[PDB]
file query-v8.pdb (PDB, C-alpha atoms)
ATOM      1  CA  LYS A   9      -0.143  53.680   4.746  1.00  0.00           C
ATOM      2  CA  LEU A  10      -1.246  53.623   1.083  1.00  0.00           C
ATOM      3  CA  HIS A  11      -4.638  52.191   0.235  1.00  0.00           C
ATOM      4  CA  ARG A  12      -5.236  50.603  -3.103  1.00  0.00           C
ATOM      5  CA  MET A  13      -8.545  50.267  -4.917  1.00  0.00           C
ATOM      6  CA  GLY A  14      -9.894  49.764  -8.439  1.00  0.00           C
ATOM      7  CA  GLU A  15      -8.137  47.926 -11.244  1.00  0.00           C
ATOM      8  CA  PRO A  16      -4.592  47.075  -9.952  1.00  0.00           C
ATOM      9  CA  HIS A  17      -3.176  46.876 -13.475  1.00  0.00           C
ATOM     10  CA  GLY A  18      -5.108  49.938 -14.669  1.00  0.00           C
ATOM     11  CA  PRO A  19      -3.508  53.380 -15.101  1.00  0.00           C
ATOM     12  CA  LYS A  20      -2.379  54.796 -11.782  1.00  0.00           C
ATOM     13  CA  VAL A  21      -4.230  57.710 -10.216  1.00  0.00           C
ATOM     14  CA  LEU A  22      -3.058  59.064  -6.790  1.00  0.00           C
ATOM     15  CA  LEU A  23      -5.495  60.928  -4.594  1.00  0.00           C
ATOM     16  CA  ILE A  24      -3.984  63.021  -1.767  1.00  0.00           C
ATOM     17  CA  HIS A  25      -6.224  64.516   0.855  1.00  0.00           C
ATOM     18  CA  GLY A  26      -5.655  67.714   2.829  1.00  0.00           C
ATOM     19  CA  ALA A  27      -4.949  68.654   6.430  1.00  0.00           C
ATOM     20  CA  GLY A  28      -7.779  67.549   8.721  1.00  0.00           C
ATOM     21  CA  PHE A  29      -9.408  65.322   6.060  1.00  0.00           C
ATOM     22  CA  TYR A  30      -9.618  61.553   5.874  1.00  0.00           C
ATOM     23  CA  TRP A  31      -8.685  59.278   3.003  1.00  0.00           C
ATOM     24  CA  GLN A  32     -11.907  57.263   3.129  1.00  0.00           C
ATOM     25  CA  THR A  33     -14.345  60.147   3.126  1.00  0.00           C
ATOM     26  CA  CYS A  34     -12.474  62.573   0.954  1.00  0.00           C
ATOM     27  CA  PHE A  35     -12.513  60.343  -2.129  1.00  0.00           C
ATOM     28  CA  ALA A  36     -15.387  57.856  -1.775  1.00  0.00           C
ATOM     29  CA  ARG A  37     -17.339  58.962  -4.844  1.00  0.00           C
ATOM     30  CA  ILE A  38     -14.253  59.461  -6.951  1.00  0.00           C
ATOM     31  CA  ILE A  39     -13.055  55.975  -6.204  1.00  0.00           C
ATOM     32  CA  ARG A  40     -16.499  54.574  -7.040  1.00  0.00           C
ATOM     33  CA  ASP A  41     -16.513  56.444 -10.382  1.00  0.00           C
ATOM     34  CA  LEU A  42     -12.995  55.402 -11.449  1.00  0.00           C
ATOM     35  CA  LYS A  43     -12.556  51.911  -9.909  1.00  0.00           C
ATOM     36  CA  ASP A  44     -13.896  50.147 -13.021  1.00  0.00           C
ATOM     37  CA  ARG A  45     -10.802  51.264 -14.911  1.00  0.00           C
ATOM     38  CA  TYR A  46      -8.144  52.934 -12.748  1.00  0.00           C
ATOM     39  CA  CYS A  47      -5.750  51.852 -10.115  1.00  0.00           C
ATOM     40  CA  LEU A  48      -6.557  54.293  -7.274  1.00  0.00           C
ATOM     41  CA  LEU A  49      -3.899  54.857  -4.708  1.00  0.00           C
ATOM     42  CA  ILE A  50      -4.911  56.832  -1.639  1.00  0.00           C
ATOM     43  CA  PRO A  51      -2.467  57.692   1.100  1.00  0.00           C
ATOM     44  CA  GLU A  52      -3.227  58.686   4.695  1.00  0.00           C
ATOM     45  CA  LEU A  53      -1.365  61.810   5.699  1.00  0.00           C
ATOM     46  CA  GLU A  54       0.565  61.214   8.912  1.00  0.00           C
ATOM     47  CA  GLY A  55      -1.641  61.160  11.994  1.00  0.00           C
ATOM     48  CA  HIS A  56      -4.901  61.116   9.979  1.00  0.00           C
ATOM     49  CA  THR A  57      -6.107  57.818  11.374  1.00  0.00           C
ATOM     50  CA  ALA A  58      -7.929  56.647  14.489  1.00  0.00           C
ATOM     51  CA  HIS A  59      -4.766  55.615  16.413  1.00  0.00           C
ATOM     52  CA  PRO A  60      -1.925  57.795  15.188  1.00  0.00           C
ATOM     53  CA  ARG A  61       1.605  56.555  15.877  1.00  0.00           C
ATOM     54  CA  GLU A  62       3.133  59.647  14.318  1.00  0.00           C
ATOM     55  CA  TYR A  63       2.591  63.122  12.993  1.00  0.00           C
ATOM     56  CA  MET A  64       3.613  64.977   9.881  1.00  0.00           C
ATOM     57  CA  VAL A  65       7.073  66.555   9.696  1.00  0.00           C
ATOM     58  CA  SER A  66       7.139  68.186   6.282  1.00  0.00           C
ATOM     59  CA  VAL A  67       5.758  68.079   2.817  1.00  0.00           C
ATOM     60  CA  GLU A  68       9.205  66.849   1.675  1.00  0.00           C
ATOM     61  CA  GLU A  69       9.329  63.935   4.121  1.00  0.00           C
ATOM     62  CA  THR A  70       5.691  62.943   3.421  1.00  0.00           C
ATOM     63  CA  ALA A  71       6.380  63.045  -0.358  1.00  0.00           C
ATOM     64  CA  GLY A  72       9.569  60.969   0.148  1.00  0.00           C
ATOM     65  CA  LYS A  73       7.762  58.341   2.218  1.00  0.00           C
ATOM     66  CA  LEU A  74       4.955  58.159  -0.342  1.00  0.00           C
ATOM     67  CA  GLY A  75       7.453  57.621  -3.133  1.00  0.00           C
ATOM     68  CA  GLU A  76       8.765  54.665  -1.136  1.00  0.00           C
ATOM     69  CA  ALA A  77       5.265  53.235  -0.744  1.00  0.00           C
ATOM     70  CA  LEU A  78       4.788  53.481  -4.459  1.00  0.00           C
ATOM     71  CA  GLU A  79       8.066  51.743  -5.045  1.00  0.00           C
ATOM     72  CA  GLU A  80       6.865  48.914  -2.750  1.00  0.00           C
ATOM     73  CA  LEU A  81       4.033  48.333  -5.193  1.00  0.00           C
ATOM     74  CA  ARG A  82       6.534  48.707  -8.034  1.00  0.00           C
ATOM     75  CA  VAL A  83       4.671  51.788  -9.213  1.00  0.00           C
ATOM     76  CA  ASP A  84       7.200  54.041 -10.875  1.00  0.00           C
ATOM     77  CA  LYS A  85       4.771  56.067 -13.035  1.00  0.00           C
ATOM     78  CA  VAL A  86       1.463  57.667 -12.219  1.00  0.00           C
ATOM     79  CA  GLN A  87      -0.881  59.069 -14.794  1.00  0.00           C
ATOM     80  CA  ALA A  88      -2.360  61.648 -12.413  1.00  0.00           C
ATOM     81  CA  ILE A  89      -2.133  62.991  -8.886  1.00  0.00           C
ATOM     82  CA  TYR A  90      -5.106  64.904  -7.578  1.00  0.00           C
ATOM     83  CA  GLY A  91      -4.302  66.740  -4.411  1.00  0.00           C
ATOM     84  CA  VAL A  92      -6.514  68.944  -2.374  1.00  0.00           C
ATOM     85  CA  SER A  93      -5.050  71.668  -0.214  1.00  0.00           C
ATOM     86  CA  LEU A  94      -1.956  70.365   1.549  1.00  0.00           C
ATOM     87  CA  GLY A  95      -2.354  67.340  -0.640  1.00  0.00           C
ATOM     88  CA  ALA A  96      -1.611  69.551  -3.675  1.00  0.00           C
ATOM     89  CA  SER A  97       1.720  70.523  -2.102  1.00  0.00           C
ATOM     90  CA  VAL A  98       2.548  66.861  -1.566  1.00  0.00           C
ATOM     91  CA  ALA A  99       1.609  66.189  -5.249  1.00  0.00           C
ATOM     92  CA  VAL A 100       3.895  68.972  -6.519  1.00  0.00           C
ATOM     93  CA  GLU A 101       6.722  67.790  -4.326  1.00  0.00           C
ATOM     94  CA  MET A 102       6.331  64.311  -5.750  1.00  0.00           C
ATOM     95  CA  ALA A 103       6.615  65.765  -9.279  1.00  0.00           C
ATOM     96  CA  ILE A 104       9.834  67.541  -8.369  1.00  0.00           C
ATOM     97  CA  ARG A 105      11.685  64.748  -6.531  1.00  0.00           C
ATOM     98  CA  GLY A 106      11.569  62.591  -9.655  1.00  0.00           C
ATOM     99  CA  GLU A 107      11.913  59.192  -7.993  1.00  0.00           C
ATOM    100  CA  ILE A 108       8.529  58.450  -9.542  1.00  0.00           C
ATOM    101  CA  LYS A 109       7.380  59.842 -12.894  1.00  0.00           C
ATOM    102  CA  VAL A 110       4.268  61.986 -12.874  1.00  0.00           C
ATOM    103  CA  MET A 111       2.326  62.759 -16.082  1.00  0.00           C
ATOM    104  CA  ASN A 112      -0.368  65.057 -14.752  1.00  0.00           C
ATOM    105  CA  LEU A 113      -0.897  67.100 -11.614  1.00  0.00           C
ATOM    106  CA  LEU A 114      -4.382  68.227 -10.681  1.00  0.00           C
ATOM    107  CA  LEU A 115      -4.063  70.805  -8.019  1.00  0.00           C
ATOM    108  CA  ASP A 116      -7.113  71.901  -6.115  1.00  0.00           C
ATOM    109  CA  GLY A 117      -6.686  74.767  -3.585  1.00  0.00           C
ATOM    110  CA  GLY A 118      -2.944  74.599  -3.272  1.00  0.00           C
ATOM    111  CA  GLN A 119      -1.125  77.181  -1.206  1.00  0.00           C
ATOM    112  CA  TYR A 120       2.676  77.305  -1.777  1.00  0.00           C
ATOM    113  CA  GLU A 121       3.977  80.572  -0.356  1.00  0.00           C
ATOM    114  CA  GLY A 122       5.976  79.493   2.681  1.00  0.00           C
ATOM    115  CA  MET A 123       5.210  81.517   5.755  1.00  0.00           C
ATOM    116  CA  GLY A 124       8.451  81.227   7.647  1.00  0.00           C
ATOM    117  CA  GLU A 125       7.997  82.334  11.205  1.00  0.00           C
ATOM    118  CA  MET A 126       4.249  83.247  10.757  1.00  0.00           C
ATOM    119  CA  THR A 127       3.646  79.489  10.109  1.00  0.00           C
ATOM    120  CA  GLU A 128       2.911  78.807  13.839  1.00  0.00           C
ATOM    121  CA  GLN A 129       0.331  81.472  14.288  1.00  0.00           C
ATOM    122  CA  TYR A 130      -1.607  80.655  11.114  1.00  0.00           C
ATOM    123  CA  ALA A 131      -1.485  76.923  11.795  1.00  0.00           C
ATOM    124  CA  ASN A 132      -2.982  77.450  15.238  1.00  0.00           C
ATOM    125  CA  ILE A 133      -5.835  79.575  13.919  1.00  0.00           C
ATOM    126  CA  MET A 134      -6.687  77.236  11.133  1.00  0.00           C
ATOM    127  CA  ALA A 135      -6.431  74.217  13.452  1.00  0.00           C
ATOM    128  CA  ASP A 136      -8.962  75.716  15.826  1.00  0.00           C
ATOM    129  CA  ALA A 137     -11.212  76.913  12.967  1.00  0.00           C
ATOM    130  CA  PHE A 138     -11.346  73.421  11.442  1.00  0.00           C
ATOM    131  CA  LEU A 139     -12.181  71.653  14.706  1.00  0.00           C
ATOM    132  CA  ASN A 140     -14.829  74.294  15.388  1.00  0.00           C
ATOM    133  CA  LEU A 141     -16.532  73.199  12.163  1.00  0.00           C
ATOM    134  CA  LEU A 142     -17.280  69.910  13.948  1.00  0.00           C
ATOM    135  CA  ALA A 143     -19.298  71.905  16.379  1.00  0.00           C
ATOM    136  CA  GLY A 144     -21.059  73.552  13.393  1.00  0.00           C
ATOM    137  CA  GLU A 145     -19.384  76.831  14.188  1.00  0.00           C
ATOM    138  CA  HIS A 146     -18.376  79.107  11.293  1.00  0.00           C
ATOM    139  CA  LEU A 147     -14.864  80.016  10.217  1.00  0.00           C
ATOM    140  CA  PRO A 148     -13.585  83.380  11.549  1.00  0.00           C
ATOM    141  CA  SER A 149     -13.430  86.358   9.201  1.00  0.00           C
ATOM    142  CA  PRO A 150     -11.615  87.017   6.998  1.00  0.00           C
ATOM    143  CA  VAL A 151     -10.682  83.363   6.572  1.00  0.00           C
ATOM    144  CA  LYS A 152     -14.291  82.433   5.931  1.00  0.00           C
ATOM    145  CA  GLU A 153     -14.642  84.999   3.095  1.00  0.00           C
ATOM    146  CA  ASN A 154     -11.224  84.377   1.646  1.00  0.00           C
ATOM    147  CA  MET A 155     -11.920  80.649   1.274  1.00  0.00           C
ATOM    148  CA  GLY A 156     -15.190  81.567  -0.580  1.00  0.00           C
ATOM    149  CA  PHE A 157     -17.834  81.091   2.066  1.00  0.00           C
ATOM    150  CA  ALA A 158     -19.292  84.573   2.579  1.00  0.00           C
ATOM    151  CA  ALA A 159     -22.704  82.856   2.153  1.00  0.00           C
ATOM    152  CA  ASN A 160     -22.073  81.027   5.428  1.00  0.00           C
ATOM    153  CA  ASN A 161     -22.084  77.737   3.653  1.00  0.00           C
ATOM    154  CA  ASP A 162     -18.626  76.841   5.176  1.00  0.00           C
ATOM    155  CA  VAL A 163     -20.098  74.427   7.714  1.00  0.00           C
ATOM    156  CA  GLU A 164     -22.337  72.645   5.187  1.00  0.00           C
ATOM    157  CA  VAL A 165     -19.398  72.372   2.754  1.00  0.00           C
ATOM    158  CA  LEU A 166     -16.353  71.599   4.936  1.00  0.00           C
ATOM    159  CA  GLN A 167     -17.765  69.856   7.962  1.00  0.00           C
ATOM    160  CA  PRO A 168     -18.325  66.658   6.013  1.00  0.00           C
ATOM    161  CA  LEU A 169     -14.618  66.589   5.019  1.00  0.00           C
ATOM    162  CA  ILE A 170     -13.141  67.030   8.486  1.00  0.00           C
ATOM    163  CA  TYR A 171     -12.063  63.682   9.854  1.00  0.00           C
ATOM    164  CA  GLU A 172     -14.354  63.096  12.759  1.00  0.00           C
ATOM    165  CA  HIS A 173     -11.587  61.524  14.940  1.00  0.00           C
ATOM    166  CA  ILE A 174      -8.776  63.859  14.076  1.00  0.00           C
ATOM    167  CA  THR A 175      -6.702  65.101  17.014  1.00  0.00           C
ATOM    168  CA  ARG A 176      -5.610  68.639  17.302  1.00  0.00           C
ATOM    169  CA  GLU A 177      -1.919  67.686  17.420  1.00  0.00           C
ATOM    170  CA  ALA A 178      -2.191  65.735  14.178  1.00  0.00           C
ATOM    171  CA  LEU A 179      -4.054  68.509  12.446  1.00  0.00           C
ATOM    172  CA  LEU A 180      -1.722  71.118  13.738  1.00  0.00           C
ATOM    173  CA  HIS A 181       1.435  69.342  12.499  1.00  0.00           C
ATOM    174  CA  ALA A 182      -0.117  68.900   9.086  1.00  0.00           C
ATOM    175  CA  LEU A 183      -0.908  72.598   8.975  1.00  0.00           C
ATOM    176  CA  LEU A 184       2.560  73.592  10.093  1.00  0.00           C
ATOM    177  CA  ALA A 185       3.882  71.465   7.196  1.00  0.00           C
ATOM    178  CA  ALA A 186       1.384  73.022   4.827  1.00  0.00           C
ATOM    179  CA  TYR A 187       2.252  76.603   5.809  1.00  0.00           C
ATOM    180  CA  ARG A 188       6.046  76.025   5.948  1.00  0.00           C
ATOM    181  CA  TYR A 189       6.364  74.578   2.401  1.00  0.00           C
ATOM    182  CA  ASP A 190       8.148  77.052   0.192  1.00  0.00           C
ATOM    183  CA  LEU A 191       7.899  76.069  -3.484  1.00  0.00           C
ATOM    184  CA  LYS A 192       9.490  79.192  -5.030  1.00  0.00           C
ATOM    185  CA  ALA A 193      12.688  78.568  -3.067  1.00  0.00           C
ATOM    186  CA  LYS A 194      13.223  75.218  -4.733  1.00  0.00           C
ATOM    187  CA  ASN A 195      13.751  76.633  -8.223  1.00  0.00           C
ATOM    188  CA  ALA A 196      11.977  73.518  -9.423  1.00  0.00           C
ATOM    189  CA  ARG A 197      10.912  72.313 -12.881  1.00  0.00           C
ATOM    190  CA  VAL A 198       8.363  69.651 -13.470  1.00  0.00           C
ATOM    191  CA  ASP A 199       7.679  67.521 -16.531  1.00  0.00           C
ATOM    192  CA  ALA A 200       4.059  66.956 -15.532  1.00  0.00           C
ATOM    193  CA  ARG A 201       1.260  68.815 -17.240  1.00  0.00           C
ATOM    194  CA  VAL A 202      -0.317  70.918 -14.512  1.00  0.00           C
ATOM    195  CA  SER A 203      -4.040  71.470 -14.275  1.00  0.00           C
ATOM    196  CA  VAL A 204      -5.339  73.830 -11.551  1.00  0.00           C
ATOM    197  CA  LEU A 205      -8.899  73.619 -10.203  1.00  0.00           C
ATOM    198  CA  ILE A 206     -10.106  76.969  -8.855  1.00  0.00           C
ATOM    199  CA  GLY A 207     -13.408  77.762  -7.114  1.00  0.00           C
ATOM    200  CA  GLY A 208     -14.745  81.090  -8.358  1.00  0.00           C
ATOM    201  CA  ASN A 209     -15.612  82.288  -4.850  1.00  0.00           C
ATOM    202  CA  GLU A 210     -12.021  81.817  -3.642  1.00  0.00           C
ATOM    203  CA  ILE A 211     -10.929  85.423  -3.448  1.00  0.00           C
ATOM    204  CA  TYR A 212      -7.285  84.561  -4.181  1.00  0.00           C
ATOM    205  CA  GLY A 213      -7.902  81.327  -6.072  1.00  0.00           C
ATOM    206  CA  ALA A 214      -5.421  82.342  -8.806  1.00  0.00           C
ATOM    207  CA  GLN A 215      -2.547  83.675  -6.600  1.00  0.00           C
ATOM    208  CA  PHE A 216      -0.227  80.729  -7.290  1.00  0.00           C
ATOM    209  CA  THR A 217      -0.841  80.110 -10.963  1.00  0.00           C
ATOM    210  CA  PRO A 218       2.106  82.308 -12.080  1.00  0.00           C
ATOM    211  CA  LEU A 219       4.481  80.281  -9.869  1.00  0.00           C
ATOM    212  CA  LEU A 220       3.166  76.977 -11.177  1.00  0.00           C
ATOM    213  CA  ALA A 221       3.468  78.232 -14.726  1.00  0.00           C
ATOM    214  CA  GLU A 222       7.219  78.922 -14.402  1.00  0.00           C
ATOM    215  CA  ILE A 223       7.664  75.511 -12.789  1.00  0.00           C
ATOM    216  CA  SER A 224       5.972  73.423 -15.507  1.00  0.00           C
ATOM    217  CA  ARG A 225       7.909  72.810 -18.740  1.00  0.00           C
ATOM    218  CA  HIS A 226       4.390  72.892 -20.346  1.00  0.00           C
ATOM    219  CA  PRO A 227       1.545  75.414 -20.363  1.00  0.00           C
ATOM    220  CA  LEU A 228      -1.020  75.302 -17.557  1.00  0.00           C
ATOM    221  CA  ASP A 229      -4.607  74.220 -17.925  1.00  0.00           C
ATOM    222  CA  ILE A 230      -7.029  76.096 -15.640  1.00  0.00           C
ATOM    223  CA  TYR A 231     -10.429  74.766 -14.622  1.00  0.00           C
ATOM    224  CA  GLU A 232     -12.744  77.391 -13.075  1.00  0.00           C
ATOM    225  CA  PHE A 233     -15.836  76.274 -11.078  1.00  0.00           C
ATOM    226  CA  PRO A 234     -18.245  79.161 -10.564  1.00  0.00           C
ATOM    227  CA  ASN A 235     -19.819  79.973  -7.195  1.00  0.00           C
ATOM    228  CA  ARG A 236     -17.559  77.430  -5.570  1.00  0.00           C
ATOM    229  CA  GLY A 237     -15.234  77.873  -2.579  1.00  0.00           C
ATOM    230  CA  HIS A 238     -12.236  76.012  -1.207  1.00  0.00           C
ATOM    231  CA  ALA A 239     -12.800  72.285  -1.708  1.00  0.00           C
ATOM    232  CA  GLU A 240     -16.577  72.841  -2.460  1.00  0.00           C
ATOM    233  CA  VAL A 241     -16.442  70.824  -5.714  1.00  0.00           C
ATOM    234  CA  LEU A 242     -14.800  67.964  -3.799  1.00  0.00           C
ATOM    235  CA  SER A 243     -17.270  68.135  -0.973  1.00  0.00           C
ATOM    236  CA  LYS A 244     -20.559  68.354  -2.855  1.00  0.00           C
ATOM    237  CA  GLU A 245     -19.713  67.401  -6.539  1.00  0.00           C
ATOM    238  CA  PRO A 246     -16.806  65.012  -6.408  1.00  0.00           C
ATOM    239  CA  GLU A 247     -18.274  63.403  -9.542  1.00  0.00           C
ATOM    240  CA  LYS A 248     -17.016  66.462 -11.511  1.00  0.00           C
ATOM    241  CA  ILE A 249     -13.518  65.697 -10.291  1.00  0.00           C
ATOM    242  CA  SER A 250     -13.954  62.089 -11.611  1.00  0.00           C
ATOM    243  CA  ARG A 251     -15.074  63.317 -14.984  1.00  0.00           C
ATOM    244  CA  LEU A 252     -12.186  65.723 -15.217  1.00  0.00           C
ATOM    245  CA  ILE A 253      -9.609  63.042 -14.347  1.00  0.00           C
ATOM    246  CA  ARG A 254     -11.031  60.796 -17.126  1.00  0.00           C
ATOM    247  CA  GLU A 255     -11.015  63.740 -19.566  1.00  0.00           C
ATOM    248  CA  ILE A 256      -7.426  64.726 -18.845  1.00  0.00           C
ATOM    249  CA  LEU A 257      -6.385  61.100 -19.180  1.00  0.00           C
ATOM    250  CA  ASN A 258      -7.534  61.013 -22.794  1.00  0.00           C
TER
END
call {"tool": "encode", "arguments": {"input": "query-v8.pdb", "output": "structure tokens"}}
result
Amino acid sequence: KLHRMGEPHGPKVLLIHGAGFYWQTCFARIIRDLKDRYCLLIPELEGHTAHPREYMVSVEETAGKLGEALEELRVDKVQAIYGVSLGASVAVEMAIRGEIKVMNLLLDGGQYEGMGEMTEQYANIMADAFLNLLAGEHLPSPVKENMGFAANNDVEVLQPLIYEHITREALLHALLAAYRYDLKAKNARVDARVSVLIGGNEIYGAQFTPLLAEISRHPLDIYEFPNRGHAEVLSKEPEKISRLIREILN
């Protein structure tokens, strides 16, 4: 389930949303800003739809299926993948598999550790936290502070990104996939230039940049956004993501 907008023959830009998000609300403004010129391809993560017929199994299987959807459209090269949160793990995995050639990765709030048997317990907390946002209830400490929302702006920032018809099972499976992914273990190398977007209020925003740096055959570009938390630039200034994509693609 890969949605296609903008100029079909234009350069290809893939936009991959995160766990609990929705393709159509995550990237509305970005699509509007780039559709004049770019071919925007926007997948739905498994189960992130009104009537889900399946749920996510792993970052690897989601990346594999996406590569097949791209092949359907005869897309074998993309100029950029932007991925937010889990979507950044799917982007990286696409760069590693190599079915499809990837020139640039823009990774916003990626988490790539691989929690092994703690995966279940973290997924369940985060699942509940995210659904609670739909009630306007705040994230539990220390998650709230770690994600960069000590000002209690987590509801105002994240609530608009949570898919309003998401089911807990779908969200949970996506989070299990997110937390299970272990990038270090792959001993991977990517050709893509990697750019990392980091919100300055994310307490551990830079934790994974060393890992990404040994993966890329090219130096990393880091983009810092001050007083911003996890996915805050996407939520409230997606137009800066648009500008950055255009800039990197020149």
call {"tool": "residues_around", "arguments": {"input": "query-v8.pdb", "residues": "residue 162 of chain A", "least_positions_apart": "2", "cutoff": "10 Å", "atoms": "all atoms listed in the file", "output": "list in words"}}
result
residues 141, 144, 145, 146, 147, 152, 153, 155, 156, 157, 158, 159, 160, 164, 165, 166, 167, 237, 238 and 240 of chain A
call {"tool": "resolve_selection", "arguments": {"input": "query-v8.pdb", "expression": "the PyMOL selection byres ((chain A and resi 89) around 7)", "output": "number ranges by chain"}}
result
A: 21-23, 88, 90-91, 99, 112-114
call {"tool": "resolve_selection", "arguments": {"input": "query-v8.pdb", "expression": "the PyMOL selection byres ((chain A and resi 42-59) around 7)", "output": "PyMOL selection string"}}
result
chain A and resi 9-24+30-31+38-41+60-64+173-174+178+250
call {"tool": "atom_distance", "arguments": {"input": "query-v8.pdb", "atom1": "atom CA of residue 223 of chain A", "atom2": "atom CA of residue 93 of chain A"}}
result
18.3 Å
call {"tool": "residues_around", "arguments": {"input": "query-v8.pdb", "residues": "segment 190-201 of chain A", "least_positions_apart": "4", "cutoff": "7 Å", "atoms": "all atoms listed in the file", "output": "VMD selection string"}}
result
chain A and resid 103 to 104 110 to 113 120 to 122 223 to 226 228
call {"tool": "atom_distance", "arguments": {"input": "query-v8.pdb", "atom1": "atom CA of residue 248 of chain A", "atom2": "atom CA of residue 27 of chain A"}}
result
21.7 Å
call {"tool": "resolve_selection", "arguments": {"input": "query-v8.pdb", "expression": "the PyMOL selection byres ((chain A and resi 74-77) around 9)", "output": "number ranges by chain"}}
result
A: 9-10, 51, 69-73, 78-84, 102, 105, 107-108
call {"tool": "closest_residue", "arguments": {"input": "query-v8.pdb", "among": "A:230, A:184, A:204, A:139", "to": "residue 170 of chain A", "atoms": "all atoms listed in the file"}}
result
A:139
